[PDB]
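**Q** Sharing a structure below in structure tokens format, with a few things to ask.
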Amino acid sequence: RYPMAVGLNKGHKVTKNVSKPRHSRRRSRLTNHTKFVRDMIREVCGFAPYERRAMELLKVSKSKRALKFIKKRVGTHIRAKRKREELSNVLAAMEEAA
Amino acid sequence: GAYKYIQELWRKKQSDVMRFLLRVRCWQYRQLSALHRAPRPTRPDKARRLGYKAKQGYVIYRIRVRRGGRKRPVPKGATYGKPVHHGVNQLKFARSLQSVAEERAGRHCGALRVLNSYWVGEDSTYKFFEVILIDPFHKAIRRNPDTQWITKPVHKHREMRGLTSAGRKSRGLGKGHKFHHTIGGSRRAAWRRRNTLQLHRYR
Amino acid sequence: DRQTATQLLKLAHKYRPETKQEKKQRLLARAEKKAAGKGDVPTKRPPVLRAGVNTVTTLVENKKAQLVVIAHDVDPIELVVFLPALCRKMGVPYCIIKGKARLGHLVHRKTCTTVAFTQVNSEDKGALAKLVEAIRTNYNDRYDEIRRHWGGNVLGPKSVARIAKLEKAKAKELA
Amino acid sequence: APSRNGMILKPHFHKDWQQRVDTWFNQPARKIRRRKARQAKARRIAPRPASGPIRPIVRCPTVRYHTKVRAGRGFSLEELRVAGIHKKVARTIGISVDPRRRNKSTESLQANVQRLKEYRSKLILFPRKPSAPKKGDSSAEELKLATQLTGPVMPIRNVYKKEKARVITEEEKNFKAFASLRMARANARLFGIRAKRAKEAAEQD
RNA sequence: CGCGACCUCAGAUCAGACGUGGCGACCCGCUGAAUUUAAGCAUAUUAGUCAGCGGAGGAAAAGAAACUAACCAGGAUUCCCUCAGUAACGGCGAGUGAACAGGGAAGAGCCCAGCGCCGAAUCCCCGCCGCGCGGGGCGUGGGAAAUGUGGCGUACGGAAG
RNA sequence: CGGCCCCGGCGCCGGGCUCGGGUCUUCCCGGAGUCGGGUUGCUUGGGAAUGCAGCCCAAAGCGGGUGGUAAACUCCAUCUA
Ligand SMILES: [Mg+2]
Ligand SMILES: [Mg+2]
Ligand SMILES: [Mg+2]
Ligand SMILES: [Mg+2]
Ligand SMILES: [Mg+2]
Ligand SMILES: [Mg+2]
Ligand SMILES: [Mg+2]
Ligand SMILES: [Mg+2]
Ligand SMILES: [Mg+2]
Ligand SMILES: [Mg+2]
Ligand SMILES: [Mg+2]
Ligand SMILES: [Mg+2]
Ligand SMILES: [Mg+2]
Ligand SMILES: [Mg+2]
Ligand SMILES: [Mg+2]
Ligand SMILES: [Mg+2]
Ligand SMILES: [Mg+2]
Ligand SMILES: [Mg+2]
Ligand SMILES: [Mg+2]
Ligand SMILES: [Mg+2]
Ligand SMILES: [Mg+2]
Ligand SMILES: [Mg+2]
């Protein structure tokens with residue numbers, strides 16, 4: 001009924017701005033060229049020692065141990081999840097193929 | 001072009017192809033002097049993204065520093081003070097090794113201006129850096145309007161005052177709630193501003 | 001080898017970058033013949049090789065280079081390690097040669113890293129295609145073997161002679 | 001040290017303060033310097049008004065001051081685009097531009113573009129030669145005035161909707177109450193808990 | 001064996017040019033105690049001060065958010081009044097202690113590395129030629145720097161074709 | 001107030017550079033031993049550690065930082081070091 005200072009829907013009622021967000025918010029997006037150069041340098045450099053150890057761990061059914069190892073190597077847990085995902089992807093992309 | 005490739009290749013400096021190069025270059029730099037002139041930058045992309053241009057008047061120096069924390073110069077480890085100041089062994093310098101490298105380079109060459117620096121190699125006993133110096137009195141730099149700011153006498157010895165990119169980090173400057181130490185200028189300026197008694201005429 | 005490299009050099013000697021003297025000459029003659037003949041394009045674009053690692057990379061990425069030649073006397077190897085894999089991915093023929101100064105002399109500079117052949121005359125197209133095949137069968141078709149090959153790991157002769165003495169004395173004891 | 005009865009005091013005079021004491025004995029001289037600088041700047045820029053760059057309509061962020069409105073730094077790029085003038089020309093026209101500010105409410109967007117249109121309509125600029133368009137034959141005898149004070153075209157004086165008086169409706173006697181605010185606060189506090197309870201109930205089904 | 005090119009390098013009283021040191025009231029970087037208070041004293045306070053070292057300018061630093069807030073949002077930095085002796089820190093003892101608002105003084109914004117296009121259209125030096133008072137820059141020709149990357153066009157507020 | 005001498009700008013007579021705005025179609029869009037984490041010192045009012053530094057571990061591109069109490073799941077706001 002009446003707009004209240006507290007509640008699920010508080011504050012003075014206004015209309016939203018449908019304007020396009022600024023281009024600085026769009027940063028480090030997946031680009032074709034960037035993905036190409038990254039994938040080209042990845043196969044040239046190979047992998048890191050801890051990356052190879054984690055791939056060996058993923059090859060065995062022990063996955064929580066590899067997650068803990070990655071969380072101990074890199075800083076936070078949210079980075080460890082993404083690293084584990086990338087390692088599983090690179091292990092399942094070409095090693096599963098003939 | 002290719003600088004993006006070199007950057008994305010140097011980013012993964014733990015692979016074998018890069019580790020071999022870093023080890024060989026560290027071994028090669030260990031035999032040279034503590035301070036010398038590199039005729040061309042080992043990291044061209046890193047020098048370009050710092051402000052190095054392939055033209056006359058820009059010099060590159062390679063300098064090594066001793067890795068490790070500092071020790072108190074007190075004799076026999078005696079401070080003659082309260083126990084809180086008995087920390088002779090485990091003390092850490094406020095400035096970084098890169099910053100003290102830039103400082104040593106600018107002290108050895110006063111006629112040149114330290115622009116920036118970057119890391120090339122390191123080991124257990126040494127850490128190597130490459131610094132960029134500008135000749136403020138060369139005609140190829142004084143005539144270019146984009147680099148005329150390095151000629152003014154206000155930028156004399158930027159490395160000894162923390163104006164470089166390495167010293168700016170150790171100064172503690174920044175904008176946000178995490179940098180309330182030095183609001184305006186330096187932490188000493190903030191201290192002088194917040195610890196002065198304002199006595200107006202009418203009070 | 002000393003034969004195919006010299007052949008590639010003799011081929012490149014025809015498409016050398018145009019020097020500054022004759023560049024000023026042609027720029028002075030262009031403004032004169034333009035007012036003389038009143039023509040739009042009286043001089044066809046001359047096919048010339050492209051120098052510089054950035055230019056070579058931007059050409060091979062867009063698949064505009066017919067051939068790539070690389071030097072190996074570069075001090076920082078990282079500026080060059082990425083190029084052979086890129087040419088293998090793009091399918092263009094790449095070849096490594098000895099002497100950046102020798103590569104350099106054609107471009108009238110002290111040091112030149114890489115050179116890309118993009119446009120070739122109709123009468124040199126056959127001579128170029130005759131050598132791109134031998135280059136592909138030497139570098140492109142053997143890329144997997146080159147990537148799997150590990151060099152170095154060679155001990156000194158003073159350390160090989162002693163192990164030879166030991167293996168001889170051991171073989172004389174076994175049989 | 002203490003006395004019979006008194007407020008406990010903690011004076012911050014334990015430091016060495018007498019060697020850093022700022023006395024304002026140069027305050028009249030500073031005010032005179034500032035006044036002379038203002039006069040010199042206005043005399044040098046006489047055709048342009050003091051505090052030349054027009055400033056937009058700006059609402060205070062915090063809830064303590066969000067009821068009043070104040071001046072700001074510059075107009076947003078969206079407001080410039082709705083006004084129809086280029087971004088870089090507004091600076092030499094005399095319009096301060098703030099590229100960092102965003103626009104979240106059309107209610108403020110329309111007010112800002114209206115202020116910009118009013119400034120543009122009231123603006124009269126001088127050319128080098130009469131060959132420049134968007135002007136008149138005579139510049140109103142120096143525009144009837146050379147310099148303006150305390151805002152270029154208009155200050156940010158507050159206006160308020162009147163809502164003078166009206167007849168009370170029927171259900172207004174039992175429309176709102178303190179219980180309404182109490183229920184609103186209770187729902188805002190127990191919103192997620194009820195959702196989790198409904199989820200765990202539908203789980204059993 | 002020699003020659004030549006490149007690359008890491010050495011010497012000169014080579015041609016031209018630059019730094020040293022002094023003052024240091026104000027400013028910047030480092031480390032730097034104790035007397036005192038805590039009615040004693042170790043944590044703490046004195047103090048991130050004094051002393052010590054390194055630098056410049058009439059100002060220096062700062063300065064265009066990897067910001068503040070959680071509502072009707074604001075918008076570089078610097079200084080003043082308030083916030084405030086407050087939030088908070090502390091043998092939670094002595095004591096220490098900000099910040100965001102808001103109102104004022106002033107308010108100027110931009111560049112580059114990268115990504116791409118331009119036959120390197122770029123820059124330094126040398127010498128004769130056409131110019132002005134007290135002397136330095138405009139047009140011409142060769143010696144170097146530079147393709148391991150000059151310069152215009154570009155900068156997150158998008159840009160290019 | 002006058003007269004005299006010296007210095008600096010505002011208007012006018014040679015010389016060298018010199019396409020902006022909007023819609024549409026196509027492409028491009030980023031700073032690394034760095035962030036962050038562990039640990040040890042100094043410092044801060046900053047408290048499951050505000051900032052700096054030494055050693056070790058050391059990345060991503062629907063990513064990263066911040067949202068003042070550490071940790072997991074989800075969403076939101078702001079910025080692009
Ligand atoms: Mg993002
Ligand atoms: Mg040189
Ligand atoms: Mg003593
Ligand atoms: Mg600065
Ligand atoms: Mg009083
Ligand atoms: Mg008494
Ligand atoms: Mg006593
Ligand atoms: Mg005592
Ligand atoms: Mg005292
Ligand atoms: Mg202290
Ligand atoms: Mg002192
Ligand atoms: Mg000095
Ligand atoms: Mg002076
Ligand atoms: Mg910015
Ligand atoms: Mg009070
Ligand atoms: Mg403490
Ligand atoms: Mg107290
Ligand atoms: Mg204190
Ligand atoms: Mg993240
Ligand atoms: Mg985010
Ligand atoms: Mg949160
Ligand atoms: Mg929290």
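In the structure tokens, chains take the letters A, B, ... in the order shown, each chain's residues start at 1, and ligands count up from 1 in the order shown.
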Once you count only C-alpha atoms (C1' of nucleotides) and all ligand atoms, which residues end up within 8 Å of ligand 4, and could you hand them over as number ranges by chain?

**A** B: 163; E: 61-63

**Q** I need the chain A residues near chain C as an MDAnalysis selection string; criterion: at most 10 Å, counting only C-alpha atoms.

**A** chainID A and resid 33 37 40:41 43:45

**Q** The selected residues should be written to file as an mmCIF file, in the first residue's frame (atoms: N, CA and C atoms).

**A**
```cif
data_model
loop_
_atom_site.group_PDB
_atom_site.id
_atom_site.type_symbol
_atom_site.label_atom_id
_atom_site.label_comp_id
_atom_site.auth_asym_id
_atom_site.auth_seq_id
_atom_site.Cartn_x
_atom_site.Cartn_y
_atom_site.Cartn_z
ATOM 1 N N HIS A 33 40.636 -14.775 -30.159
ATOM 2 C CA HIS A 33 42.077 -14.609 -30.323
ATOM 3 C C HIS A 33 42.829 -14.911 -29.030
ATOM 4 N N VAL A 37 45.612 -17.876 -28.532
ATOM 5 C CA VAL A 37 47.001 -17.708 -28.115
ATOM 6 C C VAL A 37 47.269 -18.450 -26.809
ATOM 7 N N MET A 40 47.569 -22.090 -27.590
ATOM 8 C CA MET A 40 48.789 -22.354 -28.341
ATOM 9 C C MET A 40 50.014 -22.334 -27.437
ATOM 10 N N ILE A 41 50.045 -21.424 -26.463
ATOM 11 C CA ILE A 41 51.183 -21.370 -25.553
ATOM 12 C C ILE A 41 51.103 -22.480 -24.506
ATOM 13 N N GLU A 43 50.139 -25.703 -24.946
ATOM 14 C CA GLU A 43 50.739 -26.908 -25.504
ATOM 15 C C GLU A 43 52.230 -26.755 -25.769
ATOM 16 N N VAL A 44 52.743 -25.526 -25.813
ATOM 17 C CA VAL A 44 54.178 -25.319 -25.974
ATOM 18 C C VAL A 44 54.888 -25.435 -24.633
ATOM 19 N N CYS A 45 54.330 -24.812 -23.595
ATOM 20 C CA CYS A 45 54.958 -24.832 -22.280
ATOM 21 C C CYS A 45 54.728 -26.136 -21.530
#
```

**Q** Hey, list the chain B side of the contact with chain A: 10 Å cut-off, only C-alpha atoms, answer as a short mmCIF file (atom, residue, chain, number, x, y, z; two decimals) with C-alpha atoms, in the first residue's frame.

**A**
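Result written to selection-v7.cif:
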```cif
data_model
loop_
_atom_site.label_atom_id
_atom_site.label_comp_id
_atom_site.auth_asym_id
_atom_site.auth_seq_id
_atom_site.Cartn_x
_atom_site.Cartn_y
_atom_site.Cartn_z
CA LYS B 4 51.08 -10.59 -26.35
CA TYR B 5 52.58 -14.00 -27.09
CA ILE B 6 55.76 -13.16 -25.18
CA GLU B 8 51.50 -14.97 -22.07
CA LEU B 9 54.65 -17.09 -22.36
CA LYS B 12 53.87 -19.28 -17.01
CA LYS B 13 57.44 -19.10 -15.73
CA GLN B 14 57.29 -22.50 -13.96
CA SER B 15 57.21 -24.71 -17.07
CA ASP B 16 60.37 -26.44 -18.24
CA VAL B 17 61.01 -24.29 -21.33
CA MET B 18 60.96 -21.14 -19.19
#
```

**Q** Under the rule that only C-alpha atoms (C1' of nucleotides) are counted, which of D:86, D:44, D:31, D:14 is the nearest residue to chain F?

**A**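 Distance minimum relative to chain F lands on D:86.
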
**Q** Any residue with an atom at most 10 Å from ligand 16 counts, using only C-alpha atoms (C1' of nucleotides) and all ligand atoms. Which are they? Put them as a list in words.

**A**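 Using only C-alpha atoms (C1' of nucleotides) and all ligand atoms, everything at most 10 Å from ligand 16 comes to residues 43, 44, 89 and 90 of chain E; 43, 44, 45 and 46 of chain F.
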
**Q** Rounded to one decimal place, report the atom CA of residue 3 of chain B-atom CA of residue 73 of chain C distance in Å.

**A**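 Answer for the atom CA of residue 3 of chain B to atom CA of residue 73 of chain C separation: 19.3 Å.
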
**Q** Which residues, written as number ranges by chain, have at least one atom at most 10 Å from segment 142-150 of chain D, with only C-alpha atoms (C1' of nucleotides) counted and residues fewer than 2 positions away on the same chain left out?

**A** D: 42-43, 45-52, 123-126, 138-140, 152-155

**Q** Could you tell me, counting only C-alpha atoms (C1' of nucleotides) and all ligand atoms, which protein and nucleic acid residues lie no more than 12 Å from ligand 2, written as a ChimeraX atom specification?

**A** /B:37-41,53-60 /E:124,144-146

**Q** Filtering to N, CA, C and O atoms (P, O5', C5', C4', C3', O3' and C1' of nucleotides), could you give me those residues as a PDB file, in the first residue's frame?

**A**
```pdb
ATOM      1  N   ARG B  37      75.827  -2.768 -17.307  1.00  0.00           N
ATOM      2  CA  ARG B  37      74.951  -2.236 -18.342  1.00  0.00           C
ATOM      3  C   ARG B  37      74.543  -3.349 -19.299  1.00  0.00           C
ATOM      4  O   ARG B  37      75.397  -3.943 -19.967  1.00  0.00           O
ATOM      5  N   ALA B  38      73.247  -3.632 -19.362  1.00  0.00           N
ATOM      6  CA  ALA B  38      72.734  -4.546 -20.368  1.00  0.00           C
ATOM      7  C   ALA B  38      72.455  -3.762 -21.644  1.00  0.00           C
ATOM      8  O   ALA B  38      71.682  -2.798 -21.607  1.00  0.00           O
ATOM      9  N   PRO B  39      73.054  -4.128 -22.778  1.00  0.00           N
ATOM     10  CA  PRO B  39      72.879  -3.309 -23.987  1.00  0.00           C
ATOM     11  C   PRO B  39      71.469  -3.349 -24.543  1.00  0.00           C
ATOM     12  O   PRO B  39      71.069  -2.418 -25.252  1.00  0.00           O
ATOM     13  N   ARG B  40      70.701  -4.396 -24.242  1.00  0.00           N
ATOM     14  CA  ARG B  40      69.328  -4.503 -24.697  1.00  0.00           C
ATOM     15  C   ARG B  40      68.521  -5.208 -23.618  1.00  0.00           C
ATOM     16  O   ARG B  40      69.055  -6.103 -22.945  1.00  0.00           O
ATOM     17  N   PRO B  41      67.258  -4.833 -23.424  1.00  0.00           N
ATOM     18  CA  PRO B  41      66.467  -5.431 -22.340  1.00  0.00           C
ATOM     19  C   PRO B  41      66.203  -6.907 -22.598  1.00  0.00           C
ATOM     20  O   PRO B  41      65.890  -7.310 -23.720  1.00  0.00           O
ATOM     21  N   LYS B  53      61.485   2.808 -24.867  1.00  0.00           N
ATOM     22  CA  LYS B  53      61.327   2.924 -26.309  1.00  0.00           C
ATOM     23  C   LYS B  53      62.678   2.712 -26.975  1.00  0.00           C
ATOM     24  O   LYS B  53      63.703   3.199 -26.490  1.00  0.00           O
ATOM     25  N   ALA B  54      62.675   1.980 -28.090  1.00  0.00           N
ATOM     26  CA  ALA B  54      63.911   1.641 -28.796  1.00  0.00           C
ATOM     27  C   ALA B  54      64.404   2.872 -29.548  1.00  0.00           C
ATOM     28  O   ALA B  54      64.192   3.042 -30.752  1.00  0.00           O
ATOM     29  N   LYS B  55      65.079   3.751 -28.813  1.00  0.00           N
ATOM     30  CA  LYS B  55      65.680   4.941 -29.399  1.00  0.00           C
ATOM     31  C   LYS B  55      66.829   5.385 -28.507  1.00  0.00           C
ATOM     32  O   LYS B  55      66.978   4.922 -27.374  1.00  0.00           O
ATOM     33  N   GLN B  56      67.644   6.292 -29.038  1.00  0.00           N
ATOM     34  CA  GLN B  56      68.808   6.771 -28.307  1.00  0.00           C
ATOM     35  C   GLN B  56      68.381   7.570 -27.083  1.00  0.00           C
ATOM     36  O   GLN B  56      67.424   8.348 -27.129  1.00  0.00           O
ATOM     37  N   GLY B  57      69.100   7.373 -25.982  1.00  0.00           N
ATOM     38  CA  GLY B  57      68.825   8.057 -24.736  1.00  0.00           C
ATOM     39  C   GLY B  57      68.268   7.174 -23.643  1.00  0.00           C
ATOM     40  O   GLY B  57      68.202   7.618 -22.489  1.00  0.00           O
ATOM     41  N   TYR B  58      67.865   5.947 -23.958  1.00  0.00           N
ATOM     42  CA  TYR B  58      67.324   5.017 -22.975  1.00  0.00           C
ATOM     43  C   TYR B  58      68.366   3.941 -22.710  1.00  0.00           C
ATOM     44  O   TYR B  58      68.855   3.303 -23.648  1.00  0.00           O
ATOM     45  N   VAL B  59      68.703   3.742 -21.438  1.00  0.00           N
ATOM     46  CA  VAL B  59      69.730   2.792 -21.029  1.00  0.00           C
ATOM     47  C   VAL B  59      69.088   1.738 -20.138  1.00  0.00           C
ATOM     48  O   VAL B  59      68.112   2.019 -19.435  1.00  0.00           O
ATOM     49  N   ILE B  60      69.633   0.525 -20.171  1.00  0.00           N
ATOM     50  CA  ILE B  60      69.151  -0.588 -19.363  1.00  0.00           C
ATOM     51  C   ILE B  60      70.304  -1.095 -18.509  1.00  0.00           C
ATOM     52  O   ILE B  60      71.366  -1.445 -19.037  1.00  0.00           O
TER      53      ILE B  60
ATOM     54  P     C E 124      65.532  14.930 -33.785  1.00  0.00           P
ATOM     55  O5'   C E 124      67.032  14.461 -33.524  1.00  0.00           O
ATOM     56  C5'   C E 124      67.496  14.198 -32.209  1.00  0.00           C
ATOM     57  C4'   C E 124      68.886  13.615 -32.220  1.00  0.00           C
ATOM     58  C3'   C E 124      69.931  14.406 -32.992  1.00  0.00           C
ATOM     59  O3'   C E 124      70.472  15.482 -32.246  1.00  0.00           O
ATOM     60  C1'   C E 124      70.065  12.127 -33.596  1.00  0.00           C
ATOM     61  P     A E 144      77.402   4.510 -41.458  1.00  0.00           P
ATOM     62  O5'   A E 144      77.145   4.813 -39.916  1.00  0.00           O
ATOM     63  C5'   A E 144      76.103   4.163 -39.206  1.00  0.00           C
ATOM     64  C4'   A E 144      75.741   4.918 -37.951  1.00  0.00           C
ATOM     65  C3'   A E 144      74.571   4.364 -37.154  1.00  0.00           C
ATOM     66  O3'   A E 144      74.936   3.279 -36.321  1.00  0.00           O
ATOM     67  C1'   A E 144      74.300   6.691 -37.422  1.00  0.00           C
ATOM     68  P     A E 145      73.954   2.017 -36.165  1.00  0.00           P
ATOM     69  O5'   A E 145      72.753   2.571 -35.279  1.00  0.00           O
ATOM     70  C5'   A E 145      72.968   2.997 -33.942  1.00  0.00           C
ATOM     71  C4'   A E 145      71.694   3.498 -33.312  1.00  0.00           C
ATOM     72  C3'   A E 145      70.488   2.582 -33.441  1.00  0.00           C
ATOM     73  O3'   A E 145      70.477   1.555 -32.465  1.00  0.00           O
ATOM     74  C1'   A E 145      69.869   4.793 -34.012  1.00  0.00           C
ATOM     75  P     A E 146      70.150   0.040 -32.884  1.00  0.00           P
ATOM     76  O5'   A E 146      68.620   0.086 -33.323  1.00  0.00           O
ATOM     77  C5'   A E 146      67.609   0.469 -32.403  1.00  0.00           C
ATOM     78  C4'   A E 146      66.299   0.722 -33.103  1.00  0.00           C
ATOM     79  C3'   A E 146      65.844  -0.363 -34.065  1.00  0.00           C
ATOM     80  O3'   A E 146      65.221  -1.454 -33.411  1.00  0.00           O
ATOM     81  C1'   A E 146      65.650   1.736 -35.117  1.00  0.00           C
TER      82        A E 146
END
```

**Q** Need the shell around segment 63-69 of chain C: protein/DNA/RNA residues with any atom at most 8 Å away, counting only C-alpha atoms (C1' of nucleotides). Skip same-chain ones fewer than 4 positions apart. Format as a VMD selection string?

**A** chain C and resid 56 59 90 92 to 97 114 to 119 132

**Q** Once you count only C-alpha atoms, what closest atom pair and distance in Å to one decimal does each residue of chain B within 7 Å of chain C have, with rows by chain and rising residue number, as JSON lines?

**A**
```
{"residue": "B:1", "atom": "CA", "partner": "C:54", "partner_atom": "CA", "distance": 4.3}
{"residue": "B:2", "atom": "CA", "partner": "C:54", "partner_atom": "CA", "distance": 5.1}
{"residue": "B:6", "atom": "CA", "partner": "C:79", "partner_atom": "CA", "distance": 6.2}
{"residue": "B:42", "atom": "CA", "partner": "C:76", "partner_atom": "CA", "distance": 6.7}
```

**Q** Atom CA of residue 85 of chain A to atom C1' of residue 73 of chain F: how many Å, to one decimal?

**A** 17.5 Å

**Q** Write out as a VMD selection string each polymer residue whose atoms come within 12 Å of residue 157 of chain D, counting only C-alpha atoms (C1' of nucleotides); drop sequence neighbours fewer than 6 positions from it.

**A** chain D and resid 57 to 58 68 to 71 150 to 151

**Q** Which of chain A end up as alpha helix (DSSP H) when DSSP is run on this backbone - answer as a PyMOL selection string?

**A** chain A and resi 32-45+49-59+64-73+77-93

**Q** What is the atom CA of residue 21 of chain A-atom CA of residue 94 of chain D distance in Å, reported with one decimal?

**A**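 Answer for the atom CA of residue 21 of chain A to atom CA of residue 94 of chain D separation: 27.1 Å.
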
**Q** What do you get as a count of residues only if you pick all residues at most 8 Å from ligand 18, counting only C-alpha atoms (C1' of nucleotides) and all ligand atoms?

**A** 3

**Q** Show which residues sit within 12 Å of residue 78 of chain A, as a PyMOL selection string. Count only C-alpha atoms (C1' of nucleotides), and ignore same-chain residues fewer than 5 positions away.

**A** (chain A and resi 67+70-71+83-85) or (chain F and resi 36-37+59-60+64+71-73)

**Q** Identify, counting only C-alpha atoms (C1' of nucleotides) and all ligand atoms, the protein, DNA and RNA residues located within 12 Å of ligand 19, and give them as number ranges by chain.

**A** A: 75-82; F: 35-36, 59-66
